[PDB]
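Working notes, structure below.
Protein chains: 2
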Amino acid sequence: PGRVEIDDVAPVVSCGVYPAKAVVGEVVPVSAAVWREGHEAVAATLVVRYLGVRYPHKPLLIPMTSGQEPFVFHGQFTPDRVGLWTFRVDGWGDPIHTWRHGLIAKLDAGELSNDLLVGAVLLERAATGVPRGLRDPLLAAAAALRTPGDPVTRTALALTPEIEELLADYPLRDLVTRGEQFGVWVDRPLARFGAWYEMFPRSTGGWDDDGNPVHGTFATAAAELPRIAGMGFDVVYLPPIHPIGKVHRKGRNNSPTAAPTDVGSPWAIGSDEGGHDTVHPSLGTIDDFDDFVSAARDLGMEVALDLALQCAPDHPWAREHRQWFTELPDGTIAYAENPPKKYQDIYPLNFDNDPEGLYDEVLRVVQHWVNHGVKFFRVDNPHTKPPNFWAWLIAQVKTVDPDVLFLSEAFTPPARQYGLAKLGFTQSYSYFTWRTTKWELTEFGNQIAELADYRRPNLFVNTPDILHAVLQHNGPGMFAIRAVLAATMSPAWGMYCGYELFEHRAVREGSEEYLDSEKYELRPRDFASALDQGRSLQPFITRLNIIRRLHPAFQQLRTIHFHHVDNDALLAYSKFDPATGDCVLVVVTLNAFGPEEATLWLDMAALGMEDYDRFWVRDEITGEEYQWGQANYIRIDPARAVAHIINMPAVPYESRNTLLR
Amino acid sequence: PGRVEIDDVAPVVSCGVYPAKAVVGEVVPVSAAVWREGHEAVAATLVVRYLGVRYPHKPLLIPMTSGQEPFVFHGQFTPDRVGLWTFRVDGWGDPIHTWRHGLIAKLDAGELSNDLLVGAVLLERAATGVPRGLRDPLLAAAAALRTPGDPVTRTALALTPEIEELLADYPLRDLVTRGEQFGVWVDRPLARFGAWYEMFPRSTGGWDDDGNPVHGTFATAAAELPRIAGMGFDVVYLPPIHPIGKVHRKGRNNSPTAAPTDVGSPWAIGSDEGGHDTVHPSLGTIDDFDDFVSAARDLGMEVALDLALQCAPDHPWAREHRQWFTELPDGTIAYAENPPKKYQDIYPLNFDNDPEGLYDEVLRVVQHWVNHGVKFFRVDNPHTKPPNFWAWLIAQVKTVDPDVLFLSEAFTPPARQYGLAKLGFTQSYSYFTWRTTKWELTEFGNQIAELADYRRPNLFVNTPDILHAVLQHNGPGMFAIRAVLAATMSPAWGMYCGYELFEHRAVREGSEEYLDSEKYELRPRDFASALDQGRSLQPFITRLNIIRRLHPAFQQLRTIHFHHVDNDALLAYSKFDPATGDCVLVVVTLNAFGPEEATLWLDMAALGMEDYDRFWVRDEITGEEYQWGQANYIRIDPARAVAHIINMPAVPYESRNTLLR
Ligand SMILES: OC[C@H]1O[C@H](O[C@H]2[C@H](O)[C@@H](O)[C@@H](O)O[C@@H]2CO)[C@H](O)[C@@H](O)[C@@H]1O
Ligand SMILES: OC[C@H]1O[C@H](O[C@H]2[C@H](O)[C@@H](O)[C@@H](O)O[C@@H]2CO)[C@H](O)[C@@H](O)[C@@H]1O
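Below, the structure is given as structure tokens:
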């Protein structure tokens, strides 16, 4: 006990402490190592069971197949309902296979008088497992050489294509041993595949007769939702919609002192007007929000709200519940700090003084919005709050409603960043922005999965906080380039408003902060004119999102594969879908300014073709079709197209094993 | 629950199912990831406990240090007694460090008055934890930071190295969190470091007046033990000493039919004379064995017996207990087979018919020899017997006597080979023989550990069954080369008798079987003449083992590191000892025939030196000394020396950190 060894099971996360991640309709590949004594054959069955919903802290049997690696068995299952699933690998020794294969070897050299009876004692014993109806042809197979005679006489009834297939249906299993049980938590598909748009509701004001921005409202914001849907975004992410503190409120450009009219950063949550459960009054009544949400839902979109666990001084909690802060000896509370950033306008919470006190309130707050149709939260700076809290908050929320999803904006070293994902965060921001070399992007891409069992990255081209240097000086071409990279590399990607307008001016050289940042200032934008003057990337983005919807390969984490292109400025990779066999290849240039050309060397095995093969491809932007082979010429001219997104011949029905591991 | 995150702990094997491996006086490096909220400091303590001498199914505290990888903490402990040890990592937040480090920054920019009081309640509260009269210079500091004044005035004793070292012995810990507990099974040092010599007792006969071999006896064999000890071997491994079956006994050169005088293979255990518990009568009474063991013991050596769970037909078990076999329909028992090898002289056992029946008998047998001083067994073909048996047998034996060690001769694909090691085998044979190119050996060497936490390889230059082709035609030079490789790469190595005589003739071209194999035939050898005629590698081997004893670096699994040599035929690697700092470099040629030269590029960081450094080395065979630097000229002439074994400057007391991971 264990009679048959089962080891190195995957996917298991942190040795089973945390469930693995998957979504509905995703092919989940499972593998394990099973072995036993000698050359005696062994087989494994992947046992999948679907439990209820519920959240952590009749069976379905799938046969597994051996492969290249000795003793390593592979399997798959596709979850069809949201919730918690279980799998384990059962190992057994299948005597029939041993006997059959051994006899065929002996059959070639023509006596054997012994083995045949042994077979003959197998199939009837096998017969006990099969129902009297179809039970019978084995006994037919079982009684055609117990009667003496030639060897080839009854090999008929053994090598018959009819009895492996029934035995496949009902197998004769010996020494059955069960492996450990591990769990997968399946979420709705939006957890993996969807595109994000970050907009500031207040910036939808649109100026007055004097050229001065006007504070917008949920009503006006909702007016902008169609153009957004038009670009193909599935989720709209809103900076906090709560009242902005009036004390120590910051002025334009992170200025310490606020003018009387300045608006302050939405992240300075709380004022005498309200807390985390109240809409900032300038935006509108809470019904207005309900109306905005409903508007989005009409267009096929979802709303994601910023969850920032911090307080401005006027926040009711500063008075009503003050245990929740770390108060200095002179009674003041130290302003929030994240090195080297300073947040003079807010207070960090203290989760240790009154844990079940604060815990319950924050749960209360999150639940408020769940009741208003918000089932995706962009958790803000999760790494500066206790891990166990998040683990608690997530499980606590998801158990009442399991369709609630969390995105963790944790720009922090790996152990924390990936660590946080493990606790349950459905998606995580990534280090993506700071990957810009062919080698960096290659590595960033491959790691994507790799870590798929527990991290889903959301690739944002920019955020209000991050205006990468490369975007600053390379002109509109680069904006395309990052967009192509983001959209193709990950199932989930995002964009901060104005990106499509090529906003590229930073506050000072060497900074990553947007000049005249929207956080501190109202920023109406006039998208329409840009469209008219052909200085908008809105069309391109639309075409990018359409492509994603069109090809299911782009909803996959696991299958990215990089092909060699002998140019340091050109990067070429491919994705495929295990289900439909869909297959797509992307080639992009990382230099926005000069045409760059090269020879692209496909790894045909990876694409499901032999090396010598020749095949036809289609360019999804152009529609042009051409014939390609293992080595192909490619030349990319920015200012014509910064990328070729190529539809490739569908991966044959060997899809499932090109997914192995 | 889980306030401070502790994850990715190592060493853990198969997620804790199996204990890790270590020996007495071995430095075991432990690492884990610990993190918490924000920039609040965190610390970890490695907690070691020594339990018993019992075997698987007051605390010692070691502080752990951060390092290169954020949030990753490293530690080490050195077991001083045989038995089962436990370790876990405890994580805590140390507020003092947060406070101190923050203050130094503030101290430079010169009121700030708030923080000082905060410190004051820390050291006081810190002091309460040290309720000893050695406390507290802290109130000296604790009442040296409260009264009004300048900051540097009241920094008094805080920055000065007087209260941290005190805090070091007694620390102020917050949010202490317990990590999971994992176990290490510590064995006697021979488990890792010792050299093996394989000899056939029967071959010590020495001819008669006609030039005909004479069967030897334990008495005569014991006569050869000094010479063996003289070469520096710590263990003598004996093919089975039991009676050889008389039916289907195999003849010289594996011929199927045995002449009346032929001896047969010792692995055909059992005859009407006796079973596994009896000495083959031709060797002598069991007292003779006891005498042989004692002879070895006198010379500093150990005896290891072959444990082969198989039977010849005349074996008493064939009648007395026949449930133990797989009996055919016609009542015969199929002869043992291991593809493609055929073992016509033996019967495989059947472990499923009467498990606790057979289990108990084999335990009985193993136990017999343990009582006769044999505490190392060379388990034979373990992969052809059930895993659970071995797991049981090992745990069952070791619990009565924990100094009993097992070596698994499992030449099988990885999942099995390493799997077998994991469930308890103290050492394992390896694929070593078939690694012969610079890149193959490099990969093989690095893997050694890697897998050290659960596999200890025993590197055999040859075995009675394996006479590698490379030895067949490259002449005495190669025998040196493999010996250098085996002896240096692994703490444990071995050689089969006659290797030192350059026995290089195989039965047919393309085979790995020794011509006129000792298994089937008596082979007395005359070592003395070879010594006299200078055609023996006995001197070299002696010098190799002395070197191993001399430098503790060579008893390490973990520390091998490969340095670049720009010649495909030259391989250069180094080992060091974390304890003493000993450091050694080996450079060998893989080409036995032509002089080969190159530039050797040391990774000085790995050797504990800066790149620009210049240092002195000594050649352990030659005694010559010279000055070297980062890049050095090296030229190797076989037929002079196939290797340079170089003593290098001792790794500084940064030994612990170059062992990290
Ligand atoms: O008002 C508080 C804080 O707001 C902004 O910082 C935000 C940041 O923009 C968000 O992306 C979030 O992830 O982090 C901070 C809030 O947690 C301003 O940049 C900052 O100056 C201000 O103090
Ligand atoms: O006597 C049975 C069998 O003995 C030998 O095979 C051995 C082998 O030499 C040992 O090294 C061991 O590891 O495996 C076998 C026993 O399990 C002969 O090689 C073989 O011909 C003979 O049948």
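Residue numbers (the entry's author numbering), protein chains in the order written: chain A, 15 to 71, 92 to 144, 149 to 699; chain B, 15 to 71, 92 to 144, 149 to 699.
For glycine and all other residues, C-beta sits at the position ideal for the given N, C-alpha and C.
Uninterrupted alpha helix (DSSP H) stretches at least 4 residues long and entirely within the region 531-618 of chain B occur at 565-570 and 576-588, given in chain order.
Shown here for residue 416 (chain B): same chain residues with a beta carbon closer than 6 Å to its own, the five before and five after excluded, namely 275, 342, 344 and 445 in chain order. Around residue 328 (chain B), the same chain offers 410 and 411 as residues with beta carbons nearer than 8 Å, after the five sequence neighbours per side are excluded. Taking 8 Å as the threshold, the shortest C-beta distance from residue 595 (chain A) to chain B does not fall below it. One thing to note: residue 672 (chain A) has its Cβ within 8 Å of the Cβ of residue 635 (chain A). Residue range 443-447 is occupied by the beta strand (DSSP E) that includes residue 446 (chain A). Minimum Cα-Cα distance from residue 364 (chain A) among the listed residues A:352, A:389 and A:109 corresponds to A:389. At a threshold of 7 Å, residue 423 (chain B) does not count as near ligand 2, since its beta carbon sits no closer than that to any of the ligand's heavy atoms.
For the region 429-454 of chain A, the beta-carbon criterion of a distance under 9 Å to any beta-carbon of chain B is satisfied by 429, 430, 450, 451, 452, 453 and 454. Under a 10 Å Cβ-count criterion, residue 183 (chain B) is classified as buried, with 16 or more other Cβ atoms of the shown protein chains found around its own Cβ. Contacts between residue 363 (chain A) and chain B, judged by CB atoms closer than 8 Å, are missing: the closest CB pair is about 14 Å apart. Using a Cβ-Cβ distance cut-off of 8 Å, the region 156-173 of chain A and the region 96-116 of chain A are not in contact, since fewer than three pairs of beta carbons, one from each stretch, lie closer than that value.
For residue 210 (chain B), the nearest beta carbon of chain A is not closer than 8 Å to its own beta carbon. For residue 455 (chain B), the shortest separation between its Cβ and any heavy atom of ligand 2 does not lie below 7 Å. Ligand 2 never approaches residue 610 (chain B) closely enough for any of its heavy atoms to be under 7 Å from the residue's Cβ. When the five nearest sequence neighbours on each side are left out, the beta carbons in the same chain lying within less than 6 Å of the beta carbon of residue 690 (chain B) are those of 646, in order along the chain. Excluding its 5 nearest sequence neighbours in each direction, residue 482 (chain B) has C-beta neighbours in its own chain below 6 Å: 473, listed in chain order. The DSSP-derived three-state label of residue 497 (chain A) is strand. For the region 393-426 of chain A, the beta-carbon criterion of a distance under 8 Å to any beta-carbon of chain B is satisfied by 421, 422, 423, 424, 425 and 426. For residue 107 (chain B), the enclosing beta strand (DSSP E) has its first and last residue at 106-111. Selection A:592, A:47, A:680 and A:223 evaluated against residue 627 (chain A) yields A:680 as nearest (Cα-Cα). Inside the region 359-446 of chain B, DSSP marks whole beta strand (DSSP E) runs of 3 or more residues at positions 374-376, 379-381 and 414-418, from first to last along the chain. Close partners of residue 49 (chain B) in chain A (Cβ separation under 7 Å): 453, 454 and 457. Look at residue 384 (chain B): its beta carbon is less than 7 Å from one of the heavy atoms in ligand 2. The Cβ atoms of residue 111 (chain B) and residue 37 (chain B) lie no closer than 8 Å to each other. Beyond the five residues adjoining it in sequence on each side, residue 246 (chain B) comes within less than 8 Å, by CB distance, of 252 in the same chain, given in chain order.
A contact between stretches requires three or more CB pairs, one per stretch, nearer than 8 Å, and the region 217-237 of chain A meets this requirement with the region 112-123 of chain A. When the beta-carbon positions are compared, residue 18 (chain A) and residue 125 (chain A) come within less than 8 Å of each other. Per DSSP, the unbroken beta strand (DSSP E) holding residue 97 (chain A) starts and ends at 94-97. Chain B places a beta carbon closer than 8 Å to that of residue 16 (chain A), counting this residue as a contact.
Residues 239, 321, 322, 326, 327, 329 and 330 of the same chain have their beta carbon placed closer than 7 Å to that of residue 256 (chain A), with the five preceding and five following residues left out of the count. According to DSSP, residue 340 (chain B) shares a beta bridge with B:273. Residue 465 (chain A) has its CB no nearer than 7 Å to any heavy atom of ligand 1. Beta bridge pairing from DSSP links residue 292 (chain B) with no other residue.
Here the alpha carbons of residue 524 (chain B) and residue 349 (chain B) stand approximately 33 Å from one another. Taking the beta carbon of residue 28 (chain B) as reference, the chain A residues within 9 Å of it are 21 and 22, listed in sequence order.
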